[PDB]
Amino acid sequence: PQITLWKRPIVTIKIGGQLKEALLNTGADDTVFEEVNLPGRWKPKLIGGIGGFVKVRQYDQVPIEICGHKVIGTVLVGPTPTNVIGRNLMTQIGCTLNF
């Protein structure tokens, strides 16, 4: 699709056997979800850095469906007001900025 930016670019996600929403965020390097229970191995990751760091769980090679596109990428699990699709997964669905 082509998504204009007059509104926040929120899209539908299938992840961890659940239906979720997430923000397509070109300003984010990484992808973050809260309230998902992902299977398999994880390792801790420190992110943020302003005011302190936040410790999240890093899951590698997570299957995820983003707006109908079944792809694979790293997903961080930790607190976030809106789930975020970062560049690491936008590259996987072939998403570009165009003007």
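Note that residue numbering follows the sequence shown and begins at 1.
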Greater mean Cα temperature factor according to the PDB record, 58-66 or 39-47: 39-47
Compare the mean C-alpha B-factor of 48-56 with that of 30-38 as given in the PDB entry, and name the stretch with the higher value. 48-56
Hey, out of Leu76, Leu19, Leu89, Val84, whose CA B-factor is highest in the deposited coordinates? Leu19
Of the three thirds of its chain by CA temperature factor, lowest, middle or highest, which one includes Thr4? lowest
Thinking about Cα B factors across the chain, which third does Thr80 belong to? highest
